[PDB]
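Colleague: data.pdb (PDB, C-alpha atoms and all ligand atoms) pasted underneath:
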ATOM      1  CA  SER E   2      98.531 101.225  97.333  1.00  0.00           C
ATOM      2  CA  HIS E   3     101.235 101.658  99.958  1.00  0.00           C
ATOM      3  CA  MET E   4     103.482 102.975  97.098  1.00  0.00           C
ATOM      4  CA  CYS E   5     104.989 105.784  99.081  1.00  0.00           C
ATOM      5  CA  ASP E   6     104.308 104.797 102.695  1.00  0.00           C
ATOM      6  CA  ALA E   7     107.787 105.469 103.915  1.00  0.00           C
ATOM      7  CA  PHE E   8     107.641 109.057 102.569  1.00  0.00           C
ATOM      8  CA  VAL E   9     104.378 110.018 104.217  1.00  0.00           C
ATOM      9  CA  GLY E  10     104.644 112.334 107.198  1.00  0.00           C
ATOM     10  CA  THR E  11     105.827 115.692 108.368  1.00  0.00           C
ATOM     11  CA  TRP E  12     109.487 116.412 107.848  1.00  0.00           C
ATOM     12  CA  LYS E  13     111.762 119.324 108.850  1.00  0.00           C
ATOM     13  CA  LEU E  14     114.924 120.497 107.035  1.00  0.00           C
ATOM     14  CA  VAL E  15     118.023 119.864 109.131  1.00  0.00           C
ATOM     15  CA  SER E  16     120.937 120.367 106.746  1.00  0.00           C
ATOM     16  CA  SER E  17     121.687 121.747 103.343  1.00  0.00           C
ATOM     17  CA  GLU E  18     124.779 121.544 101.240  1.00  0.00           C
ATOM     18  CA  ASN E  19     125.676 123.433  98.056  1.00  0.00           C
ATOM     19  CA  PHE E  20     122.183 124.918  97.744  1.00  0.00           C
ATOM     20  CA  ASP E  21     123.460 128.395  96.779  1.00  0.00           C
ATOM     21  CA  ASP E  22     125.287 126.953  93.796  1.00  0.00           C
ATOM     22  CA  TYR E  23     122.258 124.879  92.808  1.00  0.00           C
ATOM     23  CA  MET E  24     120.095 128.002  92.937  1.00  0.00           C
ATOM     24  CA  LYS E  25     122.624 129.925  90.834  1.00  0.00           C
ATOM     25  CA  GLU E  26     122.616 127.147  88.272  1.00  0.00           C
ATOM     26  CA  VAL E  27     118.795 127.285  88.179  1.00  0.00           C
ATOM     27  CA  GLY E  28     118.910 131.022  87.559  1.00  0.00           C
ATOM     28  CA  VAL E  29     117.722 132.298  90.911  1.00  0.00           C
ATOM     29  CA  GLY E  30     118.641 135.934  91.527  1.00  0.00           C
ATOM     30  CA  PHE E  31     120.615 137.341  94.413  1.00  0.00           C
ATOM     31  CA  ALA E  32     117.885 138.465  96.766  1.00  0.00           C
ATOM     32  CA  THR E  33     115.824 135.282  96.378  1.00  0.00           C
ATOM     33  CA  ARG E  34     118.916 133.140  96.883  1.00  0.00           C
ATOM     34  CA  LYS E  35     119.769 134.909 100.124  1.00  0.00           C
ATOM     35  CA  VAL E  36     116.252 134.802 101.559  1.00  0.00           C
ATOM     36  CA  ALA E  37     115.363 131.360 100.307  1.00  0.00           C
ATOM     37  CA  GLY E  38     118.683 129.967 101.489  1.00  0.00           C
ATOM     38  CA  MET E  39     117.720 130.848 105.119  1.00  0.00           C
ATOM     39  CA  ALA E  40     114.489 128.889 105.054  1.00  0.00           C
ATOM     40  CA  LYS E  41     114.053 125.716 107.096  1.00  0.00           C
ATOM     41  CA  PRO E  42     110.943 124.249 105.519  1.00  0.00           C
ATOM     42  CA  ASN E  43     108.586 121.676 106.796  1.00  0.00           C
ATOM     43  CA  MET E  44     107.675 119.197 104.070  1.00  0.00           C
ATOM     44  CA  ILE E  45     104.371 117.413 104.480  1.00  0.00           C
ATOM     45  CA  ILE E  46     103.804 114.367 102.314  1.00  0.00           C
ATOM     46  CA  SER E  47     100.472 112.524 102.086  1.00  0.00           C
ATOM     47  CA  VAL E  48      98.806 110.028  99.837  1.00  0.00           C
ATOM     48  CA  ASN E  49      95.110 109.570  99.095  1.00  0.00           C
ATOM     49  CA  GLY E  50      94.486 106.826  96.528  1.00  0.00           C
ATOM     50  CA  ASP E  51      96.711 107.556  93.542  1.00  0.00           C
ATOM     51  CA  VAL E  52      97.150 111.229  94.446  1.00  0.00           C
ATOM     52  CA  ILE E  53     100.344 112.251  96.227  1.00  0.00           C
ATOM     53  CA  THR E  54     100.504 115.686  97.843  1.00  0.00           C
ATOM     54  CA  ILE E  55     103.782 117.389  98.851  1.00  0.00           C
ATOM     55  CA  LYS E  56     103.453 120.642 100.770  1.00  0.00           C
ATOM     56  CA  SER E  57     106.431 122.776 101.767  1.00  0.00           C
ATOM     57  CA  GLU E  58     105.967 125.404 104.318  1.00  0.00           C
ATOM     58  CA  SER E  59     108.553 127.960 105.347  1.00  0.00           C
ATOM     59  CA  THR E  60     108.972 131.511 106.249  1.00  0.00           C
ATOM     60  CA  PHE E  61     109.970 132.163 102.595  1.00  0.00           C
ATOM     61  CA  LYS E  62     107.118 130.488 100.770  1.00  0.00           C
ATOM     62  CA  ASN E  63     104.450 127.932 101.091  1.00  0.00           C
ATOM     63  CA  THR E  64     104.099 125.583  98.148  1.00  0.00           C
ATOM     64  CA  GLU E  65     101.862 122.636  97.392  1.00  0.00           C
ATOM     65  CA  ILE E  66     101.791 120.079  94.608  1.00  0.00           C
ATOM     66  CA  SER E  67      99.365 117.201  94.091  1.00  0.00           C
ATOM     67  CA  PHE E  68     100.048 114.669  91.355  1.00  0.00           C
ATOM     68  CA  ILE E  69      99.710 111.178  89.971  1.00  0.00           C
ATOM     69  CA  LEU E  70     102.943 109.324  89.220  1.00  0.00           C
ATOM     70  CA  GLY E  71     103.930 109.598  85.554  1.00  0.00           C
ATOM     71  CA  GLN E  72     101.345 112.295  84.768  1.00  0.00           C
ATOM     72  CA  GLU E  73     102.708 115.778  83.936  1.00  0.00           C
ATOM     73  CA  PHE E  74     101.442 118.812  85.774  1.00  0.00           C
ATOM     74  CA  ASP E  75     101.993 122.556  86.025  1.00  0.00           C
ATOM     75  CA  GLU E  76     103.963 123.717  89.125  1.00  0.00           C
ATOM     76  CA  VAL E  77     104.915 127.168  90.394  1.00  0.00           C
ATOM     77  CA  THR E  78     108.170 126.740  92.283  1.00  0.00           C
ATOM     78  CA  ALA E  79     109.175 128.537  95.471  1.00  0.00           C
ATOM     79  CA  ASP E  80     111.407 130.834  93.320  1.00  0.00           C
ATOM     80  CA  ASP E  81     108.457 131.550  91.047  1.00  0.00           C
ATOM     81  CA  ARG E  82     109.390 129.520  88.009  1.00  0.00           C
ATOM     82  CA  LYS E  83     106.431 128.202  86.006  1.00  0.00           C
ATOM     83  CA  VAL E  84     107.475 124.660  85.209  1.00  0.00           C
ATOM     84  CA  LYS E  85     106.083 121.468  83.756  1.00  0.00           C
ATOM     85  CA  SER E  86     106.746 118.655  86.207  1.00  0.00           C
ATOM     86  CA  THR E  87     106.618 114.886  86.020  1.00  0.00           C
ATOM     87  CA  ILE E  88     107.222 112.707  89.101  1.00  0.00           C
ATOM     88  CA  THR E  89     107.864 108.964  88.931  1.00  0.00           C
ATOM     89  CA  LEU E  90     108.965 106.280  91.339  1.00  0.00           C
ATOM     90  CA  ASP E  91     112.297 104.562  90.212  1.00  0.00           C
ATOM     91  CA  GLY E  92     113.476 101.848  92.438  1.00  0.00           C
ATOM     92  CA  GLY E  93     111.952 103.380  95.502  1.00  0.00           C
ATOM     93  CA  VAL E  94     113.187 106.939  94.754  1.00  0.00           C
ATOM     94  CA  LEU E  95     110.776 109.725  93.859  1.00  0.00           C
ATOM     95  CA  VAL E  96     112.186 111.374  90.739  1.00  0.00           C
ATOM     96  CA  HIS E  97     110.798 114.879  89.976  1.00  0.00           C
ATOM     97  CA  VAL E  98     111.766 116.474  86.673  1.00  0.00           C
ATOM     98  CA  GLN E  99     110.967 120.146  86.048  1.00  0.00           C
ATOM     99  CA  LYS E 100     111.073 121.633  82.559  1.00  0.00           C
ATOM    100  CA  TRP E 101     110.922 125.384  81.772  1.00  0.00           C
ATOM    101  CA  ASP E 102     112.400 127.753  79.235  1.00  0.00           C
ATOM    102  CA  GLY E 103     114.302 124.935  77.519  1.00  0.00           C
ATOM    103  CA  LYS E 104     115.972 124.026  80.862  1.00  0.00           C
ATOM    104  CA  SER E 105     115.591 121.011  83.127  1.00  0.00           C
ATOM    105  CA  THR E 106     116.314 120.140  86.765  1.00  0.00           C
ATOM    106  CA  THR E 107     115.726 116.918  88.673  1.00  0.00           C
ATOM    107  CA  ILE E 108     114.897 116.520  92.342  1.00  0.00           C
ATOM    108  CA  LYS E 109     115.240 113.081  93.847  1.00  0.00           C
ATOM    109  CA  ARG E 110     113.704 112.189  97.222  1.00  0.00           C
ATOM    110  CA  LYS E 111     114.619 109.028  99.061  1.00  0.00           C
ATOM    111  CA  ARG E 112     114.423 107.468 102.457  1.00  0.00           C
ATOM    112  CA  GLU E 113     117.806 106.789 104.091  1.00  0.00           C
ATOM    113  CA  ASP E 114     117.725 105.508 107.645  1.00  0.00           C
ATOM    114  CA  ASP E 115     115.326 107.843 109.536  1.00  0.00           C
ATOM    115  CA  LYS E 116     115.912 110.705 107.076  1.00  0.00           C
ATOM    116  CA  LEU E 117     114.389 111.887 103.890  1.00  0.00           C
ATOM    117  CA  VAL E 118     117.209 113.000 101.592  1.00  0.00           C
ATOM    118  CA  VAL E 119     116.456 115.462  98.799  1.00  0.00           C
ATOM    119  CA  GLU E 120     119.009 115.776  95.991  1.00  0.00           C
ATOM    120  CA  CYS E 121     118.565 118.681  93.579  1.00  0.00           C
ATOM    121  CA  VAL E 122     120.567 118.508  90.398  1.00  0.00           C
ATOM    122  CA  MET E 123     121.042 120.992  87.534  1.00  0.00           C
ATOM    123  CA  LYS E 124     123.655 120.076  84.978  1.00  0.00           C
ATOM    124  CA  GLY E 125     126.873 119.427  86.956  1.00  0.00           C
ATOM    125  CA  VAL E 126     125.651 120.953  90.188  1.00  0.00           C
ATOM    126  CA  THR E 127     124.086 118.926  92.999  1.00  0.00           C
ATOM    127  CA  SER E 128     122.682 120.027  96.343  1.00  0.00           C
ATOM    128  CA  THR E 129     121.728 117.766  99.195  1.00  0.00           C
ATOM    129  CA  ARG E 130     118.963 118.701 101.620  1.00  0.00           C
ATOM    130  CA  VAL E 131     118.371 116.414 104.595  1.00  0.00           C
ATOM    131  CA  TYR E 132     115.004 116.231 106.360  1.00  0.00           C
ATOM    132  CA  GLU E 133     114.156 114.490 109.637  1.00  0.00           C
ATOM    133  CA  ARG E 134     110.740 113.674 111.097  1.00  0.00           C
ATOM    134  CA  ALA E 135     109.139 116.726 112.639  1.00  0.00           C
TER     135      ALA E 135
HETATM  136  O1  LIG C 201     112.637 120.814  98.889  1.00  0.00           O
HETATM  137  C1  LIG C 201     113.757 121.354  99.081  1.00  0.00           C
HETATM  138  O2  LIG C 201     114.302 121.420 100.214  1.00  0.00           O
HETATM  139  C2  LIG C 201     114.493 122.007  97.943  1.00  0.00           C
HETATM  140  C3  LIG C 201     113.745 122.133  96.612  1.00  0.00           C
HETATM  141  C4  LIG C 201     112.554 123.050  96.702  1.00  0.00           C
HETATM  142  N1  LIG C 201     112.901 124.430  96.961  1.00  0.00           N
HETATM  143  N2  LIG C 201     112.846 124.911  98.206  1.00  0.00           N
HETATM  144  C5  LIG C 201     113.257 126.186  98.091  1.00  0.00           C
HETATM  145  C6  LIG C 201     113.365 127.064  99.309  1.00  0.00           C
HETATM  146  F1  LIG C 201     114.582 127.477  99.560  1.00  0.00           F
HETATM  147  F2  LIG C 201     112.608 128.136  99.165  1.00  0.00           F
HETATM  148  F3  LIG C 201     112.976 126.419 100.436  1.00  0.00           F
HETATM  149  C7  LIG C 201     113.560 126.551  96.789  1.00  0.00           C
HETATM  150  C8  LIG C 201     113.360 125.383  96.042  1.00  0.00           C
HETATM  151  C9  LIG C 201     113.497 125.307  94.534  1.00  0.00           C
HETATM  152  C10 LIG C 201     114.843 125.667  94.024  1.00  0.00           C
HETATM  153  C11 LIG C 201     115.039 127.118  94.028  1.00  0.00           C
HETATM  154  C12 LIG C 201     115.200 127.859  95.328  1.00  0.00           C
HETATM  155  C13 LIG C 201     113.993 127.877  96.183  1.00  0.00           C
END
Output the structure of this file as structure tokens.
Modeller:
Amino acid sequence: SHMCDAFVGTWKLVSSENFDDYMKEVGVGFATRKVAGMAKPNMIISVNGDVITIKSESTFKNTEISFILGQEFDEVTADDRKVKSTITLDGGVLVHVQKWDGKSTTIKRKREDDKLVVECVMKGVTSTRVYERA
């Protein structure tokens, strides 16, 4: 209880850095990278008991995941990968690992001042996405 209080809310993307290169590293093709790179999603995070729900809504795609910390689940990503995901809390950071096709990427979400900072990492390539309260 209260495990993710400071994440809960409605958040809007305000800045992105290096996201094209992250998407390339992931294997996203040209047209999806261009279209997806324009999106300014709203991320809606809620908690009900042990179940955390993260919704992302944008002009590109709407996605939704619900999960229990430490318990693997199937996820269809915004770029249409079919991945196996596990999300844990490590020192106050939500750590989301996605596995598919022998590959792996990690998305970390943390609270920093009034922002929610999302770091997406694949091999040597990081992207930072900054969200503010909507
Ligand atoms: O939460 C975040 O800001 C970023 C992580 C999720 N996310 N959001 C989008 C986009 F561009 F469609 F919005 C994509 C991905 C997965 C990575 C592949 C590109 C599509």
Colleague: Selected by the PyMOL selection byres (((chain E and resi 45-47) around 12) and not hetatm) in the shown coordinates: which residues, as a PyMOL selection string?
Modeller: chain E and resi 3-14+42-44+48-59+63-68+95+110+117+132-135
Colleague: Which is closer to residue 116 in chain E than all the others in E:72, E:16, E:33, E:78, using all atoms listed in the file?
Modeller: E:16
Colleague: Counting all atoms listed in the file, which protein, DNA or RNA residues come within 10 Å of ligand LIG 201 (chain C), given as a ChimeraX atom specification?
Modeller: /E:13-17,20-21,23-30,33-44,55-64,77-82,106-110,118-122,128-132
Colleague: Between E:112, E:73, E:83, E:18, which is the closest to residue 97 in chain E once you count all atoms listed in the file?
Modeller: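 The answer is E:73, which sits nearest to residue 97 in chain E.
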Colleague: For the atom pair CA of residue 96 in chain E and CA of residue 126 in chain E, what is the interatomic distance in Å to one decimal place?
Modeller: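 CA of residue 126 in chain E lies 16.5 Å from CA of residue 96 in chain E.
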Colleague: In Å, rounded to a single decimal, give me how far CA of residue 86 in chain E is from CA of residue 71 in chain E.
Modeller: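 Interatomic distance, CA of residue 71 in chain E to CA of residue 86 in chain E: 9.5 Å.
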Colleague: Out of E:2, E:111, E:105, E:123, which residue has the shortest atom-to-atom distance to residue 92 in chain E when counting only C-alpha atoms?
Modeller: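 Checking each of E:2, E:111, E:105, E:123 against residue 92 in chain E, counting only C-alpha atoms, the winner is E:111.
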Colleague: If you measure from CA of residue 85 in chain E to CA of residue 100 in chain E, what distance in Å do you get, rounded to one decimal?
Modeller: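 About the pair CA of residue 85 in chain E and CA of residue 100 in chain E: they are 5.1 Å apart.
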Colleague: Could N, CA, C and O atoms be built for range 44-60 of chain E and written out as a PDB file, in the frame of the given file?
Modeller:
ATOM      1  N   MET E  44     108.228 119.886 105.223  1.00  0.00           N
ATOM      2  CA  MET E  44     107.675 119.197 104.070  1.00  0.00           C
ATOM      3  C   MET E  44     106.667 118.208 104.585  1.00  0.00           C
ATOM      4  O   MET E  44     106.975 117.373 105.452  1.00  0.00           O
ATOM      5  N   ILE E  45     105.443 118.276 104.067  1.00  0.00           N
ATOM      6  CA  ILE E  45     104.371 117.413 104.480  1.00  0.00           C
ATOM      7  C   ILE E  45     103.934 116.579 103.307  1.00  0.00           C
ATOM      8  O   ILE E  45     103.475 117.138 102.294  1.00  0.00           O
ATOM      9  N   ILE E  46     104.087 115.279 103.404  1.00  0.00           N
ATOM     10  CA  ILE E  46     103.804 114.367 102.314  1.00  0.00           C
ATOM     11  C   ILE E  46     102.635 113.495 102.722  1.00  0.00           C
ATOM     12  O   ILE E  46     102.636 112.907 103.804  1.00  0.00           O
ATOM     13  N   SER E  47     101.645 113.370 101.849  1.00  0.00           N
ATOM     14  CA  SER E  47     100.472 112.524 102.086  1.00  0.00           C
ATOM     15  C   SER E  47     100.047 111.881 100.797  1.00  0.00           C
ATOM     16  O   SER E  47     100.390 112.329  99.717  1.00  0.00           O
ATOM     17  N   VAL E  48      99.299 110.794 100.958  1.00  0.00           N
ATOM     18  CA  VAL E  48      98.806 110.028  99.837  1.00  0.00           C
ATOM     19  C   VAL E  48      97.347 109.701 100.064  1.00  0.00           C
ATOM     20  O   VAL E  48      96.979 109.264 101.123  1.00  0.00           O
ATOM     21  N   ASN E  49      96.518 109.908  99.047  1.00  0.00           N
ATOM     22  CA  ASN E  49      95.110 109.570  99.095  1.00  0.00           C
ATOM     23  C   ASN E  49      94.799 108.898  97.756  1.00  0.00           C
ATOM     24  O   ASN E  49      94.772 109.554  96.712  1.00  0.00           O
ATOM     25  N   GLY E  50      94.638 107.591  97.780  1.00  0.00           N
ATOM     26  CA  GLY E  50      94.486 106.826  96.528  1.00  0.00           C
ATOM     27  C   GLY E  50      95.725 106.966  95.684  1.00  0.00           C
ATOM     28  O   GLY E  50      96.824 106.691  96.150  1.00  0.00           O
ATOM     29  N   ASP E  51      95.582 107.369  94.436  1.00  0.00           N
ATOM     30  CA  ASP E  51      96.711 107.556  93.542  1.00  0.00           C
ATOM     31  C   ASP E  51      97.309 108.946  93.637  1.00  0.00           C
ATOM     32  O   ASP E  51      98.280 109.210  92.942  1.00  0.00           O
ATOM     33  N   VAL E  52      96.713 109.825  94.431  1.00  0.00           N
ATOM     34  CA  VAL E  52      97.150 111.229  94.446  1.00  0.00           C
ATOM     35  C   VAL E  52      98.108 111.436  95.596  1.00  0.00           C
ATOM     36  O   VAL E  52      97.807 111.209  96.769  1.00  0.00           O
ATOM     37  N   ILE E  53      99.310 111.871  95.257  1.00  0.00           N
ATOM     38  CA  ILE E  53     100.344 112.251  96.227  1.00  0.00           C
ATOM     39  C   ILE E  53     100.335 113.760  96.365  1.00  0.00           C
ATOM     40  O   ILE E  53     100.302 114.470  95.347  1.00  0.00           O
ATOM     41  N   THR E  54     100.415 114.257  97.591  1.00  0.00           N
ATOM     42  CA  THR E  54     100.504 115.686  97.843  1.00  0.00           C
ATOM     43  C   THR E  54     101.789 115.945  98.613  1.00  0.00           C
ATOM     44  O   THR E  54     102.083 115.276  99.621  1.00  0.00           O
ATOM     45  N   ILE E  55     102.574 116.919  98.161  1.00  0.00           N
ATOM     46  CA  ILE E  55     103.782 117.389  98.851  1.00  0.00           C
ATOM     47  C   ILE E  55     103.577 118.875  99.109  1.00  0.00           C
ATOM     48  O   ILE E  55     103.517 119.684  98.154  1.00  0.00           O
ATOM     49  N   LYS E  56     103.513 119.267 100.374  1.00  0.00           N
ATOM     50  CA  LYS E  56     103.453 120.642 100.770  1.00  0.00           C
ATOM     51  C   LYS E  56     104.785 121.037 101.367  1.00  0.00           C
ATOM     52  O   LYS E  56     105.425 120.229 102.054  1.00  0.00           O
ATOM     53  N   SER E  57     105.249 122.236 101.091  1.00  0.00           N
ATOM     54  CA  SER E  57     106.431 122.776 101.767  1.00  0.00           C
ATOM     55  C   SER E  57     106.009 124.075 102.386  1.00  0.00           C
ATOM     56  O   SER E  57     105.540 124.974 101.690  1.00  0.00           O
ATOM     57  N   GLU E  58     106.252 124.178 103.663  1.00  0.00           N
ATOM     58  CA  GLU E  58     105.967 125.404 104.318  1.00  0.00           C
ATOM     59  C   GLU E  58     107.130 125.994 105.002  1.00  0.00           C
ATOM     60  O   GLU E  58     107.833 125.330 105.772  1.00  0.00           O
ATOM     61  N   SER E  59     107.417 127.283 104.724  1.00  0.00           N
ATOM     62  CA  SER E  59     108.553 127.960 105.347  1.00  0.00           C
ATOM     63  C   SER E  59     108.192 129.405 105.437  1.00  0.00           C
ATOM     64  O   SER E  59     107.179 129.904 104.906  1.00  0.00           O
ATOM     65  N   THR E  60     109.088 130.097 106.091  1.00  0.00           N
ATOM     66  CA  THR E  60     108.972 131.511 106.249  1.00  0.00           C
ATOM     67  C   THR E  60     109.110 132.181 104.922  1.00  0.00           C
ATOM     68  O   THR E  60     108.643 133.291 104.789  1.00  0.00           O
TER      69      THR E  60
END
